[PDB]
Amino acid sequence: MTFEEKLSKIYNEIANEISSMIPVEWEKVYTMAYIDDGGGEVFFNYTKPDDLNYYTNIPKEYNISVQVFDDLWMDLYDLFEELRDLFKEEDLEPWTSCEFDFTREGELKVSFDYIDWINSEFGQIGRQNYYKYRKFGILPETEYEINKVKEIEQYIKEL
């Protein structure tokens, strides 16, 4: 199996997982995974046939138990971590972030970024809010968070 085949297998597994975590019909799906040496996290938003829907709200609104959803969540994270370990296994610079987007109409985008988030000294919420501001046009709901988004913006501009 080549590198492309490994990437493809993992991508397919990821897509199937994320689709399995959504109990209803979805239109667009935006997934983000921040993984470095100091742990990491995975989150995704999904639209319905528009408004973004945050993944951790799925068990609250729909009939899927917290336990099952959290299990599938952990499996997804494990998939992304395996994806990074592949990059390591092929003597490539390990990515620090991965965007995994796909739509109901077959659109697909997988991209990697290598921002040194550790030395940025910003936490997961800052990274998430900044991501939501960059990808979409959504700004946070408190001035503290907004200010942090500006700080991260300026940190990145100075790279």
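One rule holds for the numbers: they count along the sequence shown, beginning at 1.
Going from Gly123 to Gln124, you skip over nothing: the modelled chain follows the deposited sequence without a break. Note on 87 to 95 vs 109 to 117: mean CA B-factor is higher in 87 to 95. Here 136 to 144 and 11 to 19 are compared by their mean Cα B-factor, and 136 to 144 comes out higher. The entry assigns its greatest Cα B factor, within the set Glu41, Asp51, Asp70, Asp101, to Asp51. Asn63: CA B factor lies in the highest third for its chain, per the PDB record.
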